[PDB]
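>
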Amino acid sequence: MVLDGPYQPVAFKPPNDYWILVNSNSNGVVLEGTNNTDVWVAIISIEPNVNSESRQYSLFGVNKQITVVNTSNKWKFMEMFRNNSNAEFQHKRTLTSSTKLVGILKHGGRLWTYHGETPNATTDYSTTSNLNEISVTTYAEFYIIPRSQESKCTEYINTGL
Numbered sequence: 000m001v002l003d004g005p006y007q008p009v010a011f012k013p014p015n016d017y018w019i020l021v022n023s024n025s026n027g028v029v030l031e032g033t034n035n036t037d038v039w040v041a042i043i044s045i046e047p048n049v050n051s052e053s054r055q056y057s058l059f060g061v062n063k064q065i066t067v068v069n070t071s072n073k074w075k076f077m078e079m080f081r082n083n084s085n086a087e088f089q090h091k092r093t094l095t096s097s098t099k100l101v102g103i104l105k106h107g108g109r110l111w112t113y114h115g116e117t118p119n120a121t122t123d124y125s126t127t128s129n130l131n132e133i134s135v136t137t138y139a140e141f142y143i144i145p146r147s148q149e150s151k152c153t154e155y156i157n158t159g160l
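So, in structure tokens, the structure goes:
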């Protein structure tokens, strides 16, 4: 395998057609992304064996209380989303993972993430009218993988580095 990185946590405007593959370790905000017009996405990490409860998270500089549950032996990554700066976030998608790897991609007018349960997690999208202005802040080391090698990214998501 050949893998581009690791890059340190930073705020940046990812180029189109590169997966950002974040190697998360601790249980808070893994990454968040916004164009400040119609996309706000944040992926939050919950450790295994967590009964339903409220937890605090800083999303885009504002503190939010979010109810979480994870009675799995895997880690759970909740994809929180809103398309309007005045709305509250919604739990849009879930990725349940034993590898603790998370991805985000700008491509084809859409924003892509992984969801499902490893080893069978697959990509899904959010729409936007302003893809290019989406910048991403990662809170852990990450790699970049061209979209032409997405099958490898998917493999990493599902079975690890």
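Counting along the sequence shown from 1, when you hit position 18 you're at 17 in the entry's author numbering, and nothing is skipped either side.
Think of the CB as a built atom: it goes at the ideal place given N, C-alpha and C, for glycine as much as any other residue.
Mind reading off the beta-carbon distance from residue 21 to residue 141? Whole number of angstroms is fine, and I expect it under 8 Å.
Right, the Cβ-Cβ distance comes to about 4 Å (below 8 Å), so this counts as a contact.
> Using C-beta distances below 6 Å, list every residue in its chain close to residue 16, excluding the 5 sequence neighbours before and after it, in chain order.
The answer, listed in chain order, is 106, 146.
> Using only alpha-carbon positions, find the residue among 153, 131, 158 that is nearest to residue 37.
Of the listed residues, the one whose Cα sits closest to residue 37 is 131.
> Just tell me which of 159, 158, 134, 69 has its CA closest to the CA of residue 35.
Out of 159, 158, 134, 69, 134 has the C-alpha closest to the C-alpha of residue 35.
> Between residue 92 and the rest of its own chain, which residues show a CB-CB distance below 6 Å, the 5 nearest in sequence each way excluded?
If we look at residue 92 and ignore the five residues flanking it on each side, its Cβ neighbours are 78, 114.
> So, with DSSP's three-state summary, where would you put residue 130?
In this structure, residue 130 counts as helix in the three-state DSSP scheme.
> Give a yes or no on whether the C-beta atoms belonging to residue 156 and residue 4 are separated by under 9 Å.
In this structure, residue 4 does not lie closer than 9 Å to residue 156 by Cβ.
> In whole angstroms, what separates the C-alpha of residue 48 from that of residue 68?
C-alpha separation (whole angstroms): 8 Å.
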